[PDB]
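Observations on chain architecture
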Amino acid sequence: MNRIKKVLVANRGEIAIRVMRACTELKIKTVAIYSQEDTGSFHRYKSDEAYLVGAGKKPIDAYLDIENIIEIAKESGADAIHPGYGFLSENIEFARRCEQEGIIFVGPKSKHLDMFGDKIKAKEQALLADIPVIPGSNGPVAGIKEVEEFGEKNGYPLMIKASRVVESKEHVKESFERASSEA
Amino acid sequence: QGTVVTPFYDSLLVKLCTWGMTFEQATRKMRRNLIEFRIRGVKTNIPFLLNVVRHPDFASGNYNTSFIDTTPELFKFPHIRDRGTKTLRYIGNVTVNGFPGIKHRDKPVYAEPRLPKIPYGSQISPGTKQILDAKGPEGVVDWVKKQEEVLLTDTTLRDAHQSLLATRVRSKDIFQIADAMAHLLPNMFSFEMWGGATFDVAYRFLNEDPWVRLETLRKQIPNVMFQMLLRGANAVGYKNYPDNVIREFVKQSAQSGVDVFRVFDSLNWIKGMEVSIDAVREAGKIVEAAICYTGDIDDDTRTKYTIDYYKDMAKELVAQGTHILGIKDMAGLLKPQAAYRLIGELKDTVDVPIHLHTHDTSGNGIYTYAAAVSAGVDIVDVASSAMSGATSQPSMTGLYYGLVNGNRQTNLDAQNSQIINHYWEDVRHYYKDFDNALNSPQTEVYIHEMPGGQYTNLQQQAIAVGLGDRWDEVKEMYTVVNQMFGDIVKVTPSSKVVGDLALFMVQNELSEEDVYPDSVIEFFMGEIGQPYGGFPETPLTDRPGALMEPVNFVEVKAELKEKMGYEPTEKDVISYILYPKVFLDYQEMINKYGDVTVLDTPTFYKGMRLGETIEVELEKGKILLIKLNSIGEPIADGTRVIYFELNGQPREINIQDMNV
Amino acid sequence: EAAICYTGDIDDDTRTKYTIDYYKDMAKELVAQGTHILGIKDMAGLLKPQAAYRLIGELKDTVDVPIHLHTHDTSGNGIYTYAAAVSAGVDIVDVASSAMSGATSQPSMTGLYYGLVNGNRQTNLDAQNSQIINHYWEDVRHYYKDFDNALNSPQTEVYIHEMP
Amino acid sequence: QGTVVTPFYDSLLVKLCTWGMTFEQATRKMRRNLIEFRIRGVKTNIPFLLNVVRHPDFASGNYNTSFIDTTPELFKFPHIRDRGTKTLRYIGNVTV
């Protein structure tokens, strides 16, 4: 193993552990991070070192304290950071912020997360690659019930997606108000 | 988890297989897995398998039946300490047997100490250290002389707790506040944080390394200068030593962070001090040769210790060379009227700045300082309100509010010093077991002239002897014993000598007239040094320090390495030389329980309550969550199993009960 | 002994209401109302020693009566606040046996004597005597440990909250 | 064994994967494993997974997104025999 001597695992639970296992298999030191509610989770005991992160923060917010994590990463001597999945796995700001501090980020370049950040900019990126796609709105369907016109042209049944299902007609009303609110 | 292994059938617990696209890949996974396994309750062959799997000939894939046996290394196993288990041993032990020296009592629910909040990135305001760093000792002494105000030295980390709490304050509790001390007390002349009894007590009673305490602080507080107290003759030692160890000690201390060295001899004999004072000049650091105060200057009945005598002695110490002249009033004898006279008369006699140390036993502590400030003295010793008073120094915050609108003053943010106090107010409760100090003005002090430390230490011996009922008789006999050797400066280790005999005479009902112990013969030998009067009643003749021949550092350094588990650092060696019996004892104890410095004080002294959970930080980022669930019942030989959860994982350890 | 209770800070002018003039004035009217002696009851321990030097000297000027001072050692500046008064020439002060002095009590009698012992002005009391009396009280106070809830170090916070 | 599940984070205790030369072989191993698991102190989704893995349309390997929901049976679960606990209830009762 070459330029990564030590790695921070910016996640919890099953996925955190898998990463640690990988590192240790590769003679790479590992650092864990746990929220206040996760002082108990045995992912923190499976690392070579561990620090509390989301101090005073709401439990989910705790693993997203980007800035805190970098300070922890820097203080630890961590050559790189693995965000696992969920949490900051796809967060651009964090991805970028690693590159800014010269911490290696285990995953794609932030430009890649940017293009795929929203579902729309990816579906867009899909046509540019010239591959099959679902027929849909050429932008985000910003108009409410602009669908029925778009719906009239294509199909009886339609699905609505954000960055719920419809059989057309009256349902269109009921689905959007909750879909966009859920989003 | 539950299973018990019988010996009847074969030994196998679990078969562990790993797979990879390449055998080199599989070997990696096997390695990780073997380490990852946690099995406790029984020995296993894992450490053996690890050695065979780690072995490079195994990874090559070329081996034969004769591969084992031919290779003996595999049978050598790493001597692994688990800091964790040893920590539970300590905690479990004190939980059932109690801490030595104190009534076994339940661990209270101490209030959480109030820590000062610091805004992020704030301050770092430069201190007096900078001026030593920049312009050496002389450049400081200059800046001193220039200041119209009165300058303060904070003894909160020494003497204050040495007097009040038997020097038992632990590094863990000190470090916690040190950050705020740098931010909030920057304008202090110095922080007294090392020396006197702290050195031997850390190793003896705390199982902490004093050298660490020093260096850790040094980093936390870069701005303010560090000061210690050094018994010139024997440094911080119990016995006399050859001159090289002393010079070595001081060299190290200066290296580690000590900037100002208050040095005294117990008899006020400048000859005993000579060795160590030169070392500090040679260290290129500040010397505060200090005159220990006894008797009464204003009462002329006594011929021996005249205001002249102190004026004369101060000349000879400026001649011997000292960047500063301090006056160590170790008993609290300097009445405030005498202080006005002494500062004014010594500022006339010599050009050096003056630094005064007094103890508030009398109730006249703050007043004795006001006398000095009126008479224009440069520096004085105070402590945080919550650790001031009694046999301690006077309140820093007390003094400020005392001098607040006078002609001369002391620049400290009142509110700041109070915030620092709030911490100590809360922390002192941890040490109630050691807070045996009397809490009203003990005016009797002037008669017996005995230092605060000595009153309690000698009360103890009389209680030991069973003369507690006759205690009043000892106190008087002591005064006679000083009067038997004329009038002599009573202070450690000379103080001890008086008390040791006083207790003998009163024990055997001998009057001074009736009269016609190793430590006393050594006094009359001259091993403590030379009494100023030189009382009459084989010949020591000269300083014992010089007469000592040096032991080569390397012969010992190797002796220790063989005694200790491994190769020692330079510091470990001096310590061994100075306190050999205790240093090994400290080593043996640290091997058994690991580095205890880290445990929160209550847990250190009181162990754990049932169902309690605590966290301990062994190192940056390495925290043990520890819970005690229940305690096992004793068996035949008194042993009982304590039931823990170290890191959520249940553990079980045996501690031998001492008394049912 | 008509007595004036002390509050606020005479040396600090930020708070004007209780000015050195106002206590000087108020002492006049109490000499007018007639009082064999004028005492100053500092019930909290607020009279800083520098302010005491000023106040005794300024009231000895203002009125011909003898002066009597009561202070509490909560601050740690109890004995010093007296020394200021004795320097400024006050006639009478309140003290207690060492064993019952300090803290929220008066300063030690035996403490004060040994404080002023060879100064310009003094107090004539047999030191040894006062100590013998003290030995009793030393021993007796233990009976009352249940009620000895007082804090036994200088509580400097007192100036802020001013409480008794 | 010791762990407590908080509700703050997701519900996952352990990821169980099984392999076979043929998917029919892997399904068997999954079945056995799911049954073999003994977890007590909390409810789990095992009985659900069992019903989906037992279902013959799953073993076929021809299913679609609409396979669940369309099939309600999977949500009907066999009553739990806990003969053992009830036995201790009796024993404990008459004992006190």
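Residues numbered from 1 in each chain as written, not as in the entry; some residues may be left out. Chains lettered and ligands numbered in written order. Part of a larger assembly, values for the part shown. Heavy atoms only, no water. Residues with missing side-chain atoms left out of burial classes, pairs and counts.

As recorded in the entry header, the structure was determined using X-ray crystallography to a resolution of 3.28 Å.

**Focus: the overall build of chain D**
Within chain D one finds 5 helices and 0 strands. Taken from N to C terminus, the helices and strands of chain D fall in the order α-α-α-α-α. In terms of C-alpha radius of gyration, chain D reaches 18 Å, well past the compact-globule figure of 12 Å for 96 residues. Based on the C-alpha atoms only, the size of chain D along its principal axes is roughly 55 × 30 × 30 Å. (Helix = DSSP H or I, 4+ residues; strand = E, 2+ residues; numbered from the N terminus. Rg over C-alpha atoms; globule rule 2.2 N^0.38 Å.)

**Points about the overall build of chain A**
Of regular secondary structure, chain A possesses 7 helices and 7 strands. Computed over C-alpha atoms, the radius of gyration of chain A comes to 21 Å, more than 25% over the 16 Å expected from 2.2 N^0.38 for 183 residues, which places it beyond the range of a compact globule. With the C-alpha coordinates of chain A rotated into their principal frame, the extents come out at 60 × 35 × 25 Å.

**Focus on the interface of chain C and chain B**
Taken together, the contacts link 29 residues of chain C with 32 residues of chain B. Put simply, the parts of the chain that give the side of chain C that touches chain B at least two residues each are α2 (49–62), α3 (78–87), α4 (109–116) and α6 (158–161) of chain C. Residue contributions to the side of chain C that touches chain B peak at 5 residues, all from α4 of chain C. By residue class, the composition of the side of chain C that touches chain B is 10 nonpolar, 15 polar and 4 charged. (Contact = heavy atoms within 4.5 Å. Nonpolar A, V, L, I, M, F, W, Y, C, P; charged D, E, K, R; others polar.)

**Topic: the sheet that holds strand β2 (residues 29–34) of chain A**
Hydrogen bonds between backbone atoms are what pair the strands of a sheet, whose relative direction is either parallel or antiparallel. Residue and element names in this part refer to chain A. If you walk across this open sheet you meet the 5 strands as β3-β2-β1-β4-β5, and the pairing is parallel. What marks the edges here is a single partner per strand, and that holds for β3 (49–52) and β5 (104–105). Sheet topology note: the strand β1 (residues 6–9)/strand β4 (residues 80–82) ladder contains 3 bridges and is parallel. Opposite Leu-8, over in β4, you have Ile-81 as the bridge partner. (Pairing = 2+ DSSP bridges.)

**Considering the domain arrangement of chain A**
Residues and elements named next belong to chain A. Its domain assignment divides chain A into domain 1 (1–134) and domain 2 (135–183). Here domain 1 and domain 2 have C-alpha centroids that lie 35 Å from each other. Split by residue class, the side of domain 1 that touches domain 2 holds 3 nonpolar, no polar and 2 charged. (Domains from an automatic or database assignment.)

**Here we look at the pattern of salt bridges**
It is possible for side chains of opposite charge to pair when their charged atoms get near one another. Here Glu-208 of chain B and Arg-213 of chain B are joined by a salt bridge, their closest N and O atoms 3.9 Å apart. As a salt-bridge pair, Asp-259 of chain B and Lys-285 of chain B come within 3.0 Å of each other at their nearest N and O atoms. Taken together, the residues span a long stretch of sequence, with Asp-259 of chain B in the loop between α11 (243–256) and β4 (260–264) and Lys-285 of chain B in the loop between α12 (270–283) and β5 (286–292) at a distance of 26 residues. One continuous salt-bridge network, built from bridges that share partners, spans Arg-21 and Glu-25 of chain A together with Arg-32 and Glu-36 of chain B. (Salt bridge = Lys/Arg side-chain N within 4 Å of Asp/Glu carboxyl O.)

**Digging into the side chain of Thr-156 of chain B**
Residue and element names in this part refer to chain B. By the secondary structure assignment, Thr-156 is in the loop between β1 (151–154) and α7 (160–165). Reaching out from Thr-156, the side chain makes a polar contact with the side chain of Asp-154 at a distance of 2.6 Å. For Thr-156, the side chain forms a polar contact with the main-chain nitrogen of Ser-384, separated by 2.8 Å. Those residues in contact with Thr-156, other than ones at most four positions away along the chain, are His-161, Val-382, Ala-383, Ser-384 and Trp-424. (Polar contact = N/O pair within 3.5 Å; in protein donor to acceptor, adjacent residues only side chain to side chain.)

**A look at the environment of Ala-339 of chain B**
Residues and elements named next belong to chain B. Mapped onto the elements, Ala-339 comes out in helix α14 (residues 336–349). C-alpha of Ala-339 to C-alpha of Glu-425: the two residues are 86 residues apart in sequence and 30 Å apart in space. Contacts of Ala-339, omitting those with residues within four sequence positions, involve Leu-334, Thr-368, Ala-371 and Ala-375.

**Section: the pairing of strand β2 (residues 38–42) of chain C**
Residues and elements named next belong to chain C. In terms of strand pairing, strand β1 (residues 2–5) meets β2 through 4 bridges, oriented parallel. Its bridge partner lying in β2, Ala-3 is registered against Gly-39. Between β1 and its parallel partner β2, the chain crosses via helix α1 (residues 20–32), and the hand of that crossover is right-handed. Where β2 lies against strand β3 (residues 67–71), 5 bridges are found, and the strand directions are parallel. Within the sheet, the bridge partner assigned to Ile-40 lies in β3 and is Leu-69. For the handedness criterion, the β-α-β arrangement of β2, α2 and β3 is classed as right-handed. (Right-handed = clockwise from strand over helix to strand, strands pointing away.)

**Re the sheet that holds strand β10 (residues 622–631) of chain B**
Residue and element names in this part refer to chain B. One open sheet holds the 4 strands; their spatial order is β9-β10-β11-β12, and the pairing between them is antiparallel. The two strands at the open ends of the sheet, each matched to only one other strand, are β9 (613–619) and β12 (649–656). With direction set aside, neighbouring strand axes in the sheet form an average angle of 35 degrees. Bridge count for strand β11 (residues 639–646) against β12 is 8 bridges, and the pairing is antiparallel. Each residue of the ladder has a partner; that of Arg-640, found in β12, is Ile-655. This element, helix α5 (residues 83–96), spans β9, β10, β11 and β12 of the sheet and lies at about 55 degrees to β12. (Axes fitted to C-alpha atoms, helices over the stretch in contact; angles between N-to-C directions.)

**Concerning the pairing of β1 of chain A**
Residues and elements named next belong to chain A. Here 4 bridges tie β1 to β2, and the two strands are oriented parallel to one another. Note that in β2 the partner of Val-7 across the bridge is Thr-30. Regarding the hand of the β-α-β motif, the stretch spanning β1, helix α1 (residues 13–25) and β2 is right-handed.

**Here we look at the packing of aromatic side chains**
Relative to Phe-75 of chain B, the ring of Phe-48 of chain B has its centre 5.5 Å away and its plane inclined at 40 degrees; by these criteria the two rings are tilted. Taken together, the positions of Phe-48 of chain B in helix α2 (residues 46–54) and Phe-75 of chain B in the loop between α4 (67–70) and α5 put the pair 27 residues apart, joining distant regions of the chain. Measuring from centroid to centroid gives 6.3 Å for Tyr-238 of chain B and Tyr-241 of chain B, while their planes differ by 75 degrees, and the two rings are edge-to-face. Taken together, the aromatic side chains of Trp-194, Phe-199, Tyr-203, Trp-211, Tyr-238, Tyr-241, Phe-249, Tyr-576, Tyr-579, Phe-583 and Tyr-586 of chain B make up a single cluster linked through ring pairs. Note that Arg-168 of chain B overlies the ring of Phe-205 of chain B, its terminal NZ or CZ placed 3.8 Å from the centroid. The side chain of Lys-48 of chain C reaches across the aromatic face of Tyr-159 of chain C, ending 4.2 Å from its centre. (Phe/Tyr/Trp six-rings, centres within 6.5 Å; stacked < 30°, edge-to-face > 60°. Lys NZ or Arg CZ within 6 Å of the ring centre and 35° of its normal.)

**A look at the side chain of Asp-42 of chain C**
Relative to the helices and strands, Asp-42 of chain C resides in strand β2. Within polar-contact distance, the side chain of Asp-42 of chain C engages the side chain of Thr-71 of chain C at 2.8 Å.

**Some details on the arrangement of the chains**
Counting contacts across all 4 pairs of chains that touch, the top pair turns out to be chains B and C. Regarding chain A and chain C, which are not in contact, the minimum distance between any of their C-alpha atoms is 31 Å. Considering only C-alpha positions, the minimal separation of the non-contacting chain C and chain D is 44 Å.

**Notes on the packing of helix α25 (residues 570–578) of chain B against helix α26 (residues 580–593) of chain B**
Residue and element names in this part refer to chain B. In the contact formed by α25 and α26, the axes pass within 5 Å of each other and the chain directions differ by 125 degrees. Between α25 and α26, the angle falls in the class oblique. Contacts from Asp-572, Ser-575, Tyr-576, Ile-577 and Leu-578 in α25 reach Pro-580, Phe-583, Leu-584 and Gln-587 in α26. (Parallel < 35°, antiparallel > 145°, perpendicular 65-115°, else oblique.)

**A short note on the packing of helix α10 (residues 210–220) of chain B against α11 of chain B**
Residues and elements named next belong to chain B. It is the contact of α10 with α11, at a shortest axis distance of 9 Å, that shows an interaxial angle of 30 degrees. Taken together, α10 and α11 sit at an angle that is classed as roughly parallel. Judged by residue contacts, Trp-211, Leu-214, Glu-215 and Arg-218 of α10 engage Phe-249, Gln-252, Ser-253 and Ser-256 from α11. Residue composition of the contact of α10 with α11, grouped by class: 3 nonpolar, 3 polar and 2 charged.

**Section: unusual backbone geometry**
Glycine aside, a negative phi is what most residues show, and trans is what most peptide bonds show. Residue and element names in this part refer to chain B. For the bond running from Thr-492 to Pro-493, omega is 5 degrees, close enough to zero to count as cis. Here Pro-493 is to be found in the loop between α20 (471–484) and α21 (494–507). Of note, the phi angle at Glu-449 is positive, near 50 degrees, even though the residue is not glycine. Mapped onto the elements, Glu-449 comes out in the loop between α18 (445–448) and α19 (452–465). In the Ramachandran plot, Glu-537 falls in the positive-phi region, its phi being about 145 degrees despite a non-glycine side chain. Mapped onto the fold, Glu-537 is located in the loop between α22 (518–525) and α23 (544–547).

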